[PDB]
Structures are given as structure tokens and as C-alpha cells.
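What follows is one structure encoded as C-alpha cells, with my remarks underneath.
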Number of protein chains: 4
Amino acid sequence: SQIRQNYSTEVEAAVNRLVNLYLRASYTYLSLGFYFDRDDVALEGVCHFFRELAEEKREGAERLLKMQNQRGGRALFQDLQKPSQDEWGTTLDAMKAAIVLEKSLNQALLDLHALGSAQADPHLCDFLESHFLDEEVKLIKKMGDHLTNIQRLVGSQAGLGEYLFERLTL
Amino acid sequence: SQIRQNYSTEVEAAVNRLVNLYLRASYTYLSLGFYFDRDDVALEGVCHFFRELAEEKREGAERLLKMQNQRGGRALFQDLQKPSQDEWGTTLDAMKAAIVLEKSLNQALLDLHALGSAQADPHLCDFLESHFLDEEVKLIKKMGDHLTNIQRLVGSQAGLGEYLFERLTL
Amino acid sequence: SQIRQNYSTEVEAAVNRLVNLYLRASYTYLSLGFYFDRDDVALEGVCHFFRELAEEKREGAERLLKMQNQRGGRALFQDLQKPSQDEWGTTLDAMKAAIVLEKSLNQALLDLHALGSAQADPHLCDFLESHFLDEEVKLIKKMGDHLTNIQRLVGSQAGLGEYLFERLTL
Amino acid sequence: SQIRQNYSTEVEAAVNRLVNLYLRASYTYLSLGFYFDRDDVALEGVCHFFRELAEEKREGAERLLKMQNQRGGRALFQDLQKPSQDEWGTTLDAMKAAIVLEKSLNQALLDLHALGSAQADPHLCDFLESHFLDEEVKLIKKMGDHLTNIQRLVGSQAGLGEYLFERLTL
């Protein structure tokens with residue numbers, strides 16, 4: 001590529017795997033979203049929460065793709081494996097799975113940043129730090145806040161607590 | 001001081017101790033605030049309540065400092081001892097500690113007013129009455145109102161009650 | 001903590017010491033401020049300069065505290081030792097002490113950034129770089145500019161020079 | 001008087017003497033003002049400063065007079081003795097004489113407040129505290145600030161310092 005400069009094949013490859021990870025997460029959140037829209041789940045607030053994240057993750061992947069093209073790398077796409085579950089249980093169950101998924105994106109982000117550090121690629125490190133590392137941190141903190149409130153609520157009557165959380169927080 | 005008039009050394013000294021008391025209270029409220037912002041406490045309303053008071057107390061100290069300079073006294077600052085606790089328990093626990101702290105500022109205010117009375121210092125008495133005595137009374141009354149509601153709520157299920165209070169009152 | 005990830009105990013501890021350093025600096029600047037408001041000092045411009053910095057440092061500490069909570073660390077507070085002086089001399093003396101204090105915050109900032117580098121904590125490094133390292137650099141440069149002007153002014157008649165600097169620069 | 005209640009003859013008499021004191025001060029400030037408007041003094045800023053105070057003192061006397069009528073007392077007027085000087089020297093000399101005059105009004109205010117205290121007249125005490133005691137304190141503090149700046153300025157060349165103070169402070 002006539003424009004490629006200081007952009008290692010390892011980082012190119014890792015950016016592609018991260019793209020697949022973000023599309024995978026987008027897909028999980030779309031499935032989380034429409035599950036809470038089922039007439040027998042019916043928590044419209046939990047649905048909007050996860051459907052917004054589906055959009056967030058999709059834009060994350062698109063951003064990585066644009067950066068890949070900006071550095072002269074080649075986008076390569078792979079199969080997107082389906083979400084890990086077909087039914088997601090309670091809001092509590094869903095929030096736990098969401099935070100597990102976000103911690104796995106964060107670790108991959110951190111792993112990619114460390115690779116850019118080893119490759120002396122400061123543009124990649126700055127790219128990850130501006131548009132990803134901090135947004136992951138804020139988001140995992142919100143999910144943690146939500147978990148604490150769902151748990152304090154689903155004490156003696158989980159039913160009431162799930163309704164109240166959806167109504168008054170989400 | 002060329003401007004000092006009817007301003008006793010005892011009142012000067014007491015105004016300085018009150019300044020330290022107000023900064024101390026500001027500090028306690030900052031610690032109360034960030035405790036309720038912990039991902040494992042996660043009561044954003046309780047956090048905003050105490051962080052606003054941290055600002056209130058800080059401005060109280062600044063006001064006493066400006067008055068000290070207006071009377072020709074000399075501001076002298078001392079160490080600020082850390083808050084009395086590192087974790088503050090429940091909203092109920094926090095509200096109880098807040099009201100204990102406000103009653104101690106009120107008593108110091110009242111003690112200083114009585115000193116100004118003994119020193120025949122009407123400007124100090126008017127200064128305390130306009131900007132402090134009544135704001136303490138309103139604030140202790142709110143904290144009392146909040147305590148009554150937290151207690152009526154944290155009956156059979158404290159968890160639900162703490163969430164509802166944070167959501168619907170704060 | 002359910003959200004803690006790639007956040008070492010050493011950085012947690014250092015963030016807490018930095019919080020104490022920023023509150024300490026806030027306190028120094030509050031004392032610098034009210035000293036220049038004394039009827040026998042009476043340099044209202046020098047007072048506004050240092051009182052704005054007291055606010056700046058206080059918000060710096062609050063920002064570190066919010067970041068501590070975002071990473072799953074625990075805020076721990078310590079005594080705040082009083083400012084190093086009770087009277088601050090001339091504007092020149094005050095500006096010199098201010099720049100010594102800012103260089104000490106800068107060094108602690110730099111020391112913490114190096115720790116995050118050693119701990120491979122890129123979110124901390126980005127956090128310090130966005131909200132602290134550059135603002136310290138701009139501020140020390142202003143204080144340096146002010147020092148140069150105060151010194152060029154307090155030549156044959158320091159009295160006139162101190163008044164002119166306060167009137168025409170601050 | 002059909003409306004007089006809890007208003008002692010001693011306070012009535014003292015309010016009348018205070019009225020004479022405030023008109024006397026108004027008169028002094030009018031003379032200070034027009035002195036600095038002389039073509040051979042020519043400090044228009046010092047003139048505006050003292051002429052505004054002439055207005056302030058005149059309104060102070062009018063306020064005491066209205067309060068006297070509100071309590072059922074009888075306003076009695078006496079000769080107004082001329083200002084203590086015909087020429088007022090430098091701005092420094094004038095500021096010193098102004099602060100001496102304001103301290104004498106403050107003491108009379110304080111003396112009258114103590115009389116109202118002895119007479120158990122809380123309306124008089126509140127009247128003095130709302131409209132007089134604090135405005136005296138702020139004003140003596142400004143005059144003190146001005147004195148400090150005039151003195152720091154009239155060091156090696158009083159001429160330049162007097163011009164600069166008038167131009168850049170007043």
C-alpha cells in the first residue's frame with residue numbers, strides 16, 4: 001500500500017479480530033434487546049438499554065474499519081457467531097452477561113494497545129485511547145451500578161424489584 | 001490593624017476555629033459523596049445530596065474568612081483532620097452521621113454567637129444570624145425529614161426502601 | 001470489585017496520595033488568596049488569581065476521585081496538612097511559592113504516569129494526559145511569565161511595581 | 001404619641017445626635033470632594049469617591065429620621081458644624097481623615113446599639129444591624145485597602161503615585 005507506514009501485519013490482523021468481536025457484541029445486544037420486548041418478558045426499558053448498545057458496538061466496529069483503511073491495512077471479515085444464549089432470564093441475568101461481554105472487549109482492547117506499544121505504533125495507541133478505552137471504563141461502571149441496584153432490589157420479591165428498576169432507572 | 005474596631009482577640013480566634021470546622025465538614029461531605037458513587041453502593045441521588053453540602057460548607061468557610069478580613073482579624077489555618085469514617089454504611093447511617101455533624105456546627109455557631117454577645121459585638125451577631133443560624137435550622141429540619149422517611153421505608157425490606165428513597169426523594 | 005480490571009493496587013494507592021496532594025494545594029491557594037485580601041496587603045488581583053487556583057485544584061481532586069470510582073478502586077482520605085506559611089510576603093514571594101507547589105504536583109503527576117506505564121495501564125496514562133499533564137504545563141508557563149514581569153517591575157521601587165502588576169496584569 | 005411603644009426618651013435623643021453626626025459627615029465629604037476638584041489639586045477620581053460618600057451619609061441621616069418618625073419620636077435638629085479642615089492635603093491625608101471619621105460614626109452606631117440593648121429595644125437593634133453596622137464595616141475595609149495602596153505607592157515619588165492611584169483604582 002502506497003500509504004502504509006509503521007503499520008505492522010500483526011496489528012492489521014488484530015484490528016480485524018477486534019472488528020469481529022465488536023460485531024459479535026452488537027449481535028448479542030440485538031438479541032438481548034428483542035428478548036426483553038417479548039410479550040412474556042415485557043421490560044421495555046431493559047430492551048432500549050440493550051438495543052442502544054447494539055448500535056454502540058456496531059459503530060465501534062465501523063470506526064475500527066475506517067481506521068484500518070486509514071493506515072493502509074486490509075479489512076477481512078469472518079463469520080459472526082450467534083449470541084451465546086437464546087433466552088436471557090431476568091434483568092439481573094442479562095446485566096451479568098452484559099458486563100462479562102464488556103470486560104472481554106476491554107481485555108481485547110487492552111491486549112491490542114499492548115501490541116501497539118510493543119510495535120511502537122503510537123497512532124494506534126492514541127486511536128484506542130481516544131475512542132475506546134475510556135468509553136469501556138464508563139460503560140462497565142454503569143453496568144456495575146445497575147447490577148448493585150438490581151441486586152439490592154430483587155431481595156424478597158424479585159418481581160416487584162424488576163418492574164421498579166425498569167420503571168425508575170432505565 | 002488600622003481598621004480593627006470592637007473586634008476582640010477571642011472572637012478572632014473562634015472565627016478561625018469555626019473556619020476549620022466548616023472545612024472539616026466540607027471534607028466529610030466530599031467523602032460521604034464519593035462513597036455513594038462506588039459501583040457497589042451506587043445511589044447517585046445520595047451522592048448528589050452530600051456533594052452539594054460539601055460545596056455549601058466550603059462556601060461557609062470562605063464567608064467566615066472574608067468576614068475575618070473585613071474586621072481586621074488574621075486568618076490562621078490548621079490541619080484538616082480526615083472524615084471520621086472510610087465507609088458510611090446505608091443511606092440511613094449516612095443521614096444520621098450528617099445530622100450529628102450539622103448539630104455540632106450549629107452548637108459551635110451558637111457558642112460563637114454567645115461569645116459575640118458577651119463581647120458586645122453586634123456586627124458578629126448579625127453576621128452569624130443572617131448567613132448561618134437560619135440555614136443550619138432549615139438544613140437540620142430537612143435531614144430530620146429525610147431520616148423519618150428513610151426509617152419508615154427501611155422496614156421489612158431495607159433494599160427496596162433505600163432504592164425508592166433515592167429514586168423518589170433525592 | 002465486579003468492575004475492576006487492569007487496575008493495580010499500587011495505582012489505586014497513588015491516586016489516593018495524589019488526591020491528598022491536590023486538596024493540599026487547594027488549601028494553600030485558599031490561604032494565599034485570603035492573605036492578599038488583608039486590609040494591610042490589599043492586592044485584590046493577586047487574591048483573585050490564587051482563589052481561582054484553589055477552585056482548580058479542588059476540581060482536580062474531585063476528578064481523580066471520580067476516576068478512582070470508575071476503575072473500581074476505593075477512595076481513602078487522609079489529614080490535610082495546613083499550608084506551609086501563615087503570611088506570604090510580596091506577590092513575588094507568593095508567585096515563587098506557587099511555582100514550587102505546581103512543580104511538585106507536576107512531578108507527582110509524572111511519577112504516577114510512569115507507574116501506569118510500568119503497570120501497563122493505558123487508561124490511567126490517557127486519563128492523566130488529557131486532564132492534567134498539559135494543564136500543569138500551561139499553568140507553570142503562566143506563573144513563569146508572571147515571575148519575569150514581577151521581577152522586571154520590582155526593581156528600584158517594589159511598591160509601585162507590585163501595584164502596577166496587580167492593576168495591569170492580574 | 002399614640003403609636004409610641006417601647007421607645008425610650010434616651011434612644012430618641014441618641015437617634016437625634018446620630019442624625020447630626022451623619023449630616024456632619026455628609027458635609028465633610030462634600031468639602032473633601034470639592035477640594036480635589038480644585039484646578040490646583042485636580043484628582044477627579046478622588047473627588048467622585050468623596051462626593052458619593054457625601055450622598056451616602058445624607059441618606060443615612062434621612063433613614064434615621066424616617067425611623068424616628070416610625071417609632072413616634074420627634075426629630076430635633078441642631079447646628080451643623082463645618083468640616084474640620086479647609087484644605088485636605090494629599091489623597092493619603094484625605095483617606096486618613098476619612099477613616100478617622102468613619103470609625104467615629106461606627107463607634108456612635110455601636111454605642112447606640114448598646115443603648116438599645118440596655119433599653120431592651122430589639123427593633124432599634126435590628127434597624128441598626130440591617131442598614132448601618134455592616135455597611136460601616138465594608139466601608140472602613142475599603143478605605144483601609146485604599147490606604148495600603150496609597151502608602152505603597154507614595155514611596156520614592158508621591159506625585160506619580162497619587163496620579164496612578166487616582167487613575168487605576170478610583
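How things are named: the first chain in the C-alpha cells is A, the next is B, and so on; residues count from 1 in each chain; ligands count from 1 in the order shown.
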Residue 3 in chain C surroundings by only C-alpha atoms, 9 Å radius, close-in-sequence under 5 positions cut, as a PyMOL selection string: (chain A and resi 99+103+137+140-141+143-144) or (chain B and resi 39) or (chain C and resi 70-72)
Return the neighbours of chain D among the residues of chain B, cut-off 10 Å, counting only C-alpha atoms, as a PyMOL selection string. chain B and resi 1-6+67+69-72+120-127+130
Could I have chain D as a PDB file with C-alpha atoms, in the first residue's frame after it is superimposed on chain C by least squares, pairing all C-alpha atoms in sequence order?
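Saved file part_32.pdb follows:
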ATOM      1  CA  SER D   1     -14.898  -5.191  42.809  1.00  0.00           C
ATOM      2  CA  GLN D   2     -17.055  -6.601  39.966  1.00  0.00           C
ATOM      3  CA  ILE D   3     -15.834  -3.898  37.557  1.00  0.00           C
ATOM      4  CA  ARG D   4     -12.143  -3.685  38.486  1.00  0.00           C
ATOM      5  CA  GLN D   5      -9.923  -4.625  35.547  1.00  0.00           C
ATOM      6  CA  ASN D   6      -6.210  -3.955  34.903  1.00  0.00           C
ATOM      7  CA  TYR D   7      -6.205  -1.579  37.912  1.00  0.00           C
ATOM      8  CA  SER D   8      -3.293  -2.353  40.222  1.00  0.00           C
ATOM      9  CA  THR D   9      -3.323  -1.766  43.967  1.00  0.00           C
ATOM     10  CA  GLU D  10      -0.212   0.443  43.542  1.00  0.00           C
ATOM     11  CA  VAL D  11      -2.035   2.831  41.192  1.00  0.00           C
ATOM     12  CA  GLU D  12      -5.084   2.866  43.462  1.00  0.00           C
ATOM     13  CA  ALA D  13      -2.820   3.859  46.349  1.00  0.00           C
ATOM     14  CA  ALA D  14      -1.016   6.510  44.286  1.00  0.00           C
ATOM     15  CA  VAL D  15      -4.263   8.047  43.039  1.00  0.00           C
ATOM     16  CA  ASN D  16      -5.263   8.450  46.695  1.00  0.00           C
ATOM     17  CA  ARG D  17      -1.988  10.177  47.559  1.00  0.00           C
ATOM     18  CA  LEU D  18      -2.434  12.469  44.574  1.00  0.00           C
ATOM     19  CA  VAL D  19      -5.930  13.353  45.784  1.00  0.00           C
ATOM     20  CA  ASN D  20      -4.427  14.430  49.109  1.00  0.00           C
ATOM     21  CA  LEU D  21      -1.787  16.447  47.234  1.00  0.00           C
ATOM     22  CA  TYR D  22      -4.416  18.290  45.202  1.00  0.00           C
ATOM     23  CA  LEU D  23      -6.559  19.087  48.253  1.00  0.00           C
ATOM     24  CA  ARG D  24      -3.383  20.270  49.984  1.00  0.00           C
ATOM     25  CA  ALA D  25      -2.681  22.583  47.047  1.00  0.00           C
ATOM     26  CA  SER D  26      -6.270  23.831  47.026  1.00  0.00           C
ATOM     27  CA  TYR D  27      -5.806  24.691  50.708  1.00  0.00           C
ATOM     28  CA  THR D  28      -2.518  26.528  50.116  1.00  0.00           C
ATOM     29  CA  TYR D  29      -4.159  28.635  47.383  1.00  0.00           C
ATOM     30  CA  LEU D  30      -7.121  29.470  49.628  1.00  0.00           C
ATOM     31  CA  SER D  31      -4.626  30.730  52.217  1.00  0.00           C
ATOM     32  CA  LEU D  32      -2.620  32.624  49.574  1.00  0.00           C
ATOM     33  CA  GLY D  33      -5.893  34.162  48.384  1.00  0.00           C
ATOM     34  CA  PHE D  34      -7.198  35.461  51.671  1.00  0.00           C
ATOM     35  CA  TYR D  35      -3.777  36.788  52.629  1.00  0.00           C
ATOM     36  CA  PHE D  36      -3.794  39.225  49.689  1.00  0.00           C
ATOM     37  CA  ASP D  37      -7.330  40.279  50.741  1.00  0.00           C
ATOM     38  CA  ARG D  38      -5.993  41.564  54.088  1.00  0.00           C
ATOM     39  CA  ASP D  39      -6.543  45.286  54.567  1.00  0.00           C
ATOM     40  CA  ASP D  40      -2.758  45.647  55.046  1.00  0.00           C
ATOM     41  CA  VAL D  41      -1.904  43.734  51.823  1.00  0.00           C
ATOM     42  CA  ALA D  42      -4.849  44.775  49.647  1.00  0.00           C
ATOM     43  CA  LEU D  43      -3.946  43.361  46.208  1.00  0.00           C
ATOM     44  CA  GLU D  44      -7.375  42.242  45.000  1.00  0.00           C
ATOM     45  CA  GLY D  45      -5.948  40.966  41.690  1.00  0.00           C
ATOM     46  CA  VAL D  46      -3.422  38.692  43.398  1.00  0.00           C
ATOM     47  CA  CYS D  47      -6.263  37.433  45.594  1.00  0.00           C
ATOM     48  CA  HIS D  48      -8.492  36.505  42.621  1.00  0.00           C
ATOM     49  CA  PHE D  49      -5.572  34.726  40.925  1.00  0.00           C
ATOM     50  CA  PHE D  50      -4.891  32.422  43.842  1.00  0.00           C
ATOM     51  CA  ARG D  51      -8.542  31.858  44.744  1.00  0.00           C
ATOM     52  CA  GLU D  52      -9.287  30.656  41.224  1.00  0.00           C
ATOM     53  CA  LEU D  53      -6.428  28.145  41.568  1.00  0.00           C
ATOM     54  CA  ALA D  54      -7.895  26.933  44.855  1.00  0.00           C
ATOM     55  CA  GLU D  55     -11.004  26.040  42.831  1.00  0.00           C
ATOM     56  CA  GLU D  56      -8.905  24.480  40.039  1.00  0.00           C
ATOM     57  CA  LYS D  57      -7.037  22.209  42.438  1.00  0.00           C
ATOM     58  CA  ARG D  58     -10.241  21.190  44.239  1.00  0.00           C
ATOM     59  CA  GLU D  59     -11.793  20.143  40.938  1.00  0.00           C
ATOM     60  CA  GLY D  60      -8.599  18.267  40.075  1.00  0.00           C
ATOM     61  CA  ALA D  61      -9.014  16.196  43.236  1.00  0.00           C
ATOM     62  CA  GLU D  62     -12.689  15.568  42.542  1.00  0.00           C
ATOM     63  CA  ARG D  63     -11.765  14.393  39.019  1.00  0.00           C
ATOM     64  CA  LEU D  64      -9.211  11.921  40.386  1.00  0.00           C
ATOM     65  CA  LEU D  65     -11.852  10.708  42.842  1.00  0.00           C
ATOM     66  CA  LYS D  66     -14.421  10.084  40.114  1.00  0.00           C
ATOM     67  CA  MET D  67     -11.811   8.217  38.088  1.00  0.00           C
ATOM     68  CA  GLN D  68     -10.927   6.123  41.139  1.00  0.00           C
ATOM     69  CA  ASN D  69     -14.568   5.081  41.432  1.00  0.00           C
ATOM     70  CA  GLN D  70     -14.774   4.429  37.683  1.00  0.00           C
ATOM     71  CA  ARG D  71     -11.912   1.888  37.875  1.00  0.00           C
ATOM     72  CA  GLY D  72     -13.297   0.087  40.955  1.00  0.00           C
ATOM     73  CA  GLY D  73     -10.706   1.494  43.350  1.00  0.00           C
ATOM     74  CA  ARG D  74     -11.542   2.717  46.836  1.00  0.00           C
ATOM     75  CA  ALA D  75     -11.088   6.363  47.786  1.00  0.00           C
ATOM     76  CA  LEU D  76      -9.229   6.692  51.104  1.00  0.00           C
ATOM     77  CA  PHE D  77      -8.808  10.143  52.633  1.00  0.00           C
ATOM     78  CA  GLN D  78      -6.095  11.415  54.984  1.00  0.00           C
ATOM     79  CA  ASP D  79      -5.474  14.513  57.088  1.00  0.00           C
ATOM     80  CA  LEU D  80      -4.871  17.691  55.101  1.00  0.00           C
ATOM     81  CA  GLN D  81      -1.815  19.430  56.439  1.00  0.00           C
ATOM     82  CA  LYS D  82      -2.072  23.200  56.672  1.00  0.00           C
ATOM     83  CA  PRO D  83      -0.312  25.493  54.186  1.00  0.00           C
ATOM     84  CA  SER D  84       3.417  25.900  54.706  1.00  0.00           C
ATOM     85  CA  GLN D  85       3.158  29.606  55.672  1.00  0.00           C
ATOM     86  CA  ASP D  86       0.779  31.937  57.515  1.00  0.00           C
ATOM     87  CA  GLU D  87       1.938  35.125  55.747  1.00  0.00           C
ATOM     88  CA  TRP D  88       3.100  35.060  52.133  1.00  0.00           C
ATOM     89  CA  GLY D  89       5.171  38.228  51.775  1.00  0.00           C
ATOM     90  CA  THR D  90       5.096  40.011  48.437  1.00  0.00           C
ATOM     91  CA  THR D  91       3.433  38.992  45.180  1.00  0.00           C
ATOM     92  CA  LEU D  92       6.929  37.934  44.100  1.00  0.00           C
ATOM     93  CA  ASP D  93       7.265  35.703  47.175  1.00  0.00           C
ATOM     94  CA  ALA D  94       3.786  34.269  46.569  1.00  0.00           C
ATOM     95  CA  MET D  95       4.407  33.575  42.867  1.00  0.00           C
ATOM     96  CA  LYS D  96       7.672  31.776  43.704  1.00  0.00           C
ATOM     97  CA  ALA D  97       5.920  29.563  46.248  1.00  0.00           C
ATOM     98  CA  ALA D  98       3.085  28.898  43.774  1.00  0.00           C
ATOM     99  CA  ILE D  99       5.506  27.691  41.090  1.00  0.00           C
ATOM    100  CA  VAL D 100       7.315  25.461  43.601  1.00  0.00           C
ATOM    101  CA  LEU D 101       3.967  23.907  44.521  1.00  0.00           C
ATOM    102  CA  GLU D 102       2.923  23.407  40.890  1.00  0.00           C
ATOM    103  CA  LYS D 103       6.254  21.777  40.003  1.00  0.00           C
ATOM    104  CA  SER D 104       5.677  19.351  42.874  1.00  0.00           C
ATOM    105  CA  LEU D 105       2.201  18.426  41.567  1.00  0.00           C
ATOM    106  CA  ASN D 106       3.678  18.064  38.067  1.00  0.00           C
ATOM    107  CA  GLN D 107       6.378  15.705  39.344  1.00  0.00           C
ATOM    108  CA  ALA D 108       3.778  13.624  41.193  1.00  0.00           C
ATOM    109  CA  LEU D 109       1.659  13.533  38.019  1.00  0.00           C
ATOM    110  CA  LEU D 110       4.695  12.437  36.035  1.00  0.00           C
ATOM    111  CA  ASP D 111       5.596   9.865  38.695  1.00  0.00           C
ATOM    112  CA  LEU D 112       2.053   8.448  38.555  1.00  0.00           C
ATOM    113  CA  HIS D 113       2.141   8.334  34.745  1.00  0.00           C
ATOM    114  CA  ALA D 114       5.397   6.372  34.922  1.00  0.00           C
ATOM    115  CA  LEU D 115       3.790   3.928  37.366  1.00  0.00           C
ATOM    116  CA  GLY D 116       0.866   3.435  34.978  1.00  0.00           C
ATOM    117  CA  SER D 117       3.379   2.825  32.212  1.00  0.00           C
ATOM    118  CA  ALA D 118       5.164   0.209  34.326  1.00  0.00           C
ATOM    119  CA  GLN D 119       1.779  -1.368  35.204  1.00  0.00           C
ATOM    120  CA  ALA D 120       0.697  -1.312  31.508  1.00  0.00           C
ATOM    121  CA  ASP D 121      -2.376   0.754  32.442  1.00  0.00           C
ATOM    122  CA  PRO D 122      -3.153   2.784  29.313  1.00  0.00           C
ATOM    123  CA  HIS D 123      -6.467   4.156  30.585  1.00  0.00           C
ATOM    124  CA  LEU D 124      -4.678   5.805  33.523  1.00  0.00           C
ATOM    125  CA  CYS D 125      -1.969   7.203  31.234  1.00  0.00           C
ATOM    126  CA  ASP D 126      -4.623   8.638  28.904  1.00  0.00           C
ATOM    127  CA  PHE D 127      -6.558   9.997  31.884  1.00  0.00           C
ATOM    128  CA  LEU D 128      -3.511  11.844  33.211  1.00  0.00           C
ATOM    129  CA  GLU D 129      -2.567  13.142  29.763  1.00  0.00           C
ATOM    130  CA  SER D 130      -5.989  14.531  28.839  1.00  0.00           C
ATOM    131  CA  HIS D 131      -6.927  16.298  32.080  1.00  0.00           C
ATOM    132  CA  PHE D 132      -3.683  17.100  33.939  1.00  0.00           C
ATOM    133  CA  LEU D 133      -0.267  16.953  32.267  1.00  0.00           C
ATOM    134  CA  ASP D 134      -0.975  19.711  29.752  1.00  0.00           C
ATOM    135  CA  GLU D 135      -2.881  21.974  32.148  1.00  0.00           C
ATOM    136  CA  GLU D 136       0.103  21.815  34.523  1.00  0.00           C
ATOM    137  CA  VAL D 137       2.428  22.795  31.677  1.00  0.00           C
ATOM    138  CA  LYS D 138       0.307  25.787  30.629  1.00  0.00           C
ATOM    139  CA  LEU D 139      -0.023  26.925  34.250  1.00  0.00           C
ATOM    140  CA  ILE D 140       3.648  26.718  35.178  1.00  0.00           C
ATOM    141  CA  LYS D 141       4.349  28.727  31.997  1.00  0.00           C
ATOM    142  CA  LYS D 142       1.945  31.498  33.044  1.00  0.00           C
ATOM    143  CA  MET D 143       3.453  31.606  36.548  1.00  0.00           C
ATOM    144  CA  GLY D 144       6.881  31.815  34.914  1.00  0.00           C
ATOM    145  CA  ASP D 145       5.667  34.683  32.701  1.00  0.00           C
ATOM    146  CA  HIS D 146       4.262  36.458  35.785  1.00  0.00           C
ATOM    147  CA  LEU D 147       7.516  35.942  37.711  1.00  0.00           C
ATOM    148  CA  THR D 148       9.520  37.523  34.903  1.00  0.00           C
ATOM    149  CA  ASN D 149       7.242  40.565  34.875  1.00  0.00           C
ATOM    150  CA  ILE D 150       7.103  40.934  38.666  1.00  0.00           C
ATOM    151  CA  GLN D 151      10.913  40.791  38.785  1.00  0.00           C
ATOM    152  CA  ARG D 152      11.442  43.285  35.972  1.00  0.00           C
ATOM    153  CA  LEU D 153       8.991  45.556  37.852  1.00  0.00           C
ATOM    154  CA  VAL D 154      10.186  45.317  41.454  1.00  0.00           C
ATOM    155  CA  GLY D 155      13.480  46.985  40.579  1.00  0.00           C
ATOM    156  CA  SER D 156      14.076  50.434  42.054  1.00  0.00           C
ATOM    157  CA  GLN D 157      10.620  50.760  43.684  1.00  0.00           C
ATOM    158  CA  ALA D 158       8.978  47.448  44.526  1.00  0.00           C
ATOM    159  CA  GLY D 159       5.908  49.266  45.878  1.00  0.00           C
ATOM    160  CA  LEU D 160       4.958  50.882  42.596  1.00  0.00           C
ATOM    161  CA  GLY D 161       5.827  47.685  40.718  1.00  0.00           C
ATOM    162  CA  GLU D 162       3.613  45.487  42.861  1.00  0.00           C
ATOM    163  CA  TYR D 163       0.676  47.881  42.397  1.00  0.00           C
ATOM    164  CA  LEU D 164       1.206  48.165  38.643  1.00  0.00           C
ATOM    165  CA  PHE D 165       1.490  44.396  38.174  1.00  0.00           C
ATOM    166  CA  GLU D 166      -1.709  43.794  40.132  1.00  0.00           C
ATOM    167  CA  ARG D 167      -3.511  46.572  38.226  1.00  0.00           C
ATOM    168  CA  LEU D 168      -2.299  45.907  34.685  1.00  0.00           C
ATOM    169  CA  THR D 169      -1.678  42.136  34.503  1.00  0.00           C
ATOM    170  CA  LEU D 170      -3.968  40.411  37.052  1.00  0.00           C
TER     171      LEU D 170
END
Quick one: DSSP alpha helix (DSSP H) residues in range 20-168 of chain D, as an MDAnalysis selection string? chainID D and resid 20:36 44:70 91:118 122:128 134:153 158:168
